[PDB]
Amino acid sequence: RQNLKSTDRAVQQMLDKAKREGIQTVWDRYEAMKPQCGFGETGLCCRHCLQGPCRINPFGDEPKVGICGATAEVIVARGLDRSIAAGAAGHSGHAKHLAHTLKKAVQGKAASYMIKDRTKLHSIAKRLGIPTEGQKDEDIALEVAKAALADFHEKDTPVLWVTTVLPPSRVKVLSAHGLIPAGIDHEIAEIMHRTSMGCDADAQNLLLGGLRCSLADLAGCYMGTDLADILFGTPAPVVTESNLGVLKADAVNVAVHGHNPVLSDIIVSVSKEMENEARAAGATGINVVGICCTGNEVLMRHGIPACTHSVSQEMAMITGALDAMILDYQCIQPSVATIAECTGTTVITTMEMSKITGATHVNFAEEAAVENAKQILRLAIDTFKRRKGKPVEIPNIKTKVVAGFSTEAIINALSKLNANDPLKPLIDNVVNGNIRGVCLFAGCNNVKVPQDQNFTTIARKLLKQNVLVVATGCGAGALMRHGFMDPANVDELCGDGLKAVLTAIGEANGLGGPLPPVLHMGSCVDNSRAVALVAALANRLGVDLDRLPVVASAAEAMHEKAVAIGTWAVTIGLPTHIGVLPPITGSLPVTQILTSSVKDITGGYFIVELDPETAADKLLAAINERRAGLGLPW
């Protein structure tokens, strides 16, 4: 039964096709891996030196300790810290790329890029303390780019993409515990050092370092969103579609996959100039579709329809209609390069540090972006021509998606109810119980969990209990593909209080109907937008984030990046659910820190719960405990 693999009907249909065609999928590779190693599952394995591999039995007799003397506590904490550092390295590497792109753009070195959002640029400069009065925009932008790059290393200030984005009282709590990062790449390196053999060997000390590195990840996320908004525009509400039915047999279908809008944004613009060239080849046009975060980026800004996400990404190929898959980095199953031989798809890498054996590599340079995009799209057009006459099987399955809810857009929507105190109508409805609290869904799909099952099960229970639900990344992807971003489903999905608020906001925005059930706040770096919203609420209320009825759920987490995000959610003060097991259960002391005693440090805490109906109850309890702490009914 394909329903045990994915709850998405389009994915189920393509799983049937892959099976009859003998094309191995992620689910088949998972089945072939079972049973998985219990040492790795519990975190009780270490390969940090050539005396290893070392392992510790979770229970029973020897081995009980690593060869060097490393305890279970130490081994588990060191492994977790390296995962946080790896996640930080990815989000902040993405941000660094955008900083260099902005710098090039304003220095005259990359004319395909420009300041598109001047309002965003000036507001970021003001937040950072960079003067704007009497300065040319290009000079302000150069200073912002230089400040972004300076946050990667030690200097006379800490990381400003932490200290300028959280309220002073939160920064103070963190500073008292030594948790403010000194530099993003500095912290990543310090983790790698401290976790190497014969260094840090105290679980609490190790985990404090991990919390600090998670804040370096947050800075990378926030910097990425900031810079992408300057370069490509801050999102506003947009209407599009999702799921495999957005592919079109009669078009050149091009997926943008990976992460950085420096690549996907140009593919979108250049594809429109090439419509007549695609038509000369017998297509109707070029149909750009999204996969994973770079898909979210172009969905949020341009309404490009999302094809699929995360674990099911191979299924777009199995249709037979995917002419090209254009990749930068992160979250791309390398299986795509071999599946392409069977499906005909042209898989194209573009970044020097992210190649896949068997894929075609087209170097992308920001200095030649338009030229490089045309070379890529001409490969896609050629591939379309080669499938002239082949039947394709595109499931006729799609949902309507309203998205584009940046924090600026949410504030603007609320301002239609209260022009000069936009956050107040949200707060009023929390106080009166029409909004019980807020839950951010974030993160990936994971082959261990039937695809989307945790996201939808938890979201349904929260929505019925009047929780305002926001989402990013492939959590937003799951919810969009199951109709949670279609305002036509508000009546079915939402409790009466939440429906009343979504309707009041929507009617004030001229929609004649509500906002959607779930607000799509963007890509995974755009988890930083949720931070901006929550920090703005905390500041408006004069309380810290750990007193707000706000929770997060990485319900189906996979990537090291999702571990980093969950960790900074805890660090900034949120109850944070994770719906898969991180490799921590082999140490009860480490588990106790992450799920309990960190409350006394940051006010946040992990909630590890694999059963989604139980997870929803635990998330509601966390929200309601925060309501009670504010003196509110619940």
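By rigid core we mean the largest C-alpha set that fits within 1.5 Å across both forms. All residue numbers refer to positions in the sequence shown, first residue = 1.
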query: Comparing 508 to 516 and 137 to 145 where Cα RMS over structures and residues is taken in 5 other deposited structures of this protein (core fit), larger one; finding: 508 to 516
query: Segment of greater CA departure in 5 other deposited structures of this protein, 260 to 268 or 530 to 538, core superposed; finding: 260 to 268
query: Given 168 to 176 and 88 to 96, the range whose Cα B-factors average higher in the PDB entry; finding: 168 to 176
query: Mean C-alpha temperature factor, higher of 431 to 439 and 209 to 217; finding: 431 to 439
query: Highest-ranked of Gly344, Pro237, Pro261, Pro549 once sorted by CA temperature factor in the record; finding: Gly344
query: Residue of maximum C-alpha B factor among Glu143, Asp81, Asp229, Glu314, per deposited coordinates; finding: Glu143
query: Assigned third (lowest, middle, highest) for the C-alpha B factor of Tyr329; finding: middle
query: Ranked against its chain, the third holding the CA B-factor of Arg460; finding: middle
query: Modelled-residue ranking by C-alpha temperature factor, third containing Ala564; finding: lowest
query: CA B-factor placement of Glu154, once the chain's modelled residues are sorted into thirds; finding: middle
query: Ranked C-alpha temperature factor of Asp600 among modelled chain residues, by third; finding: highest
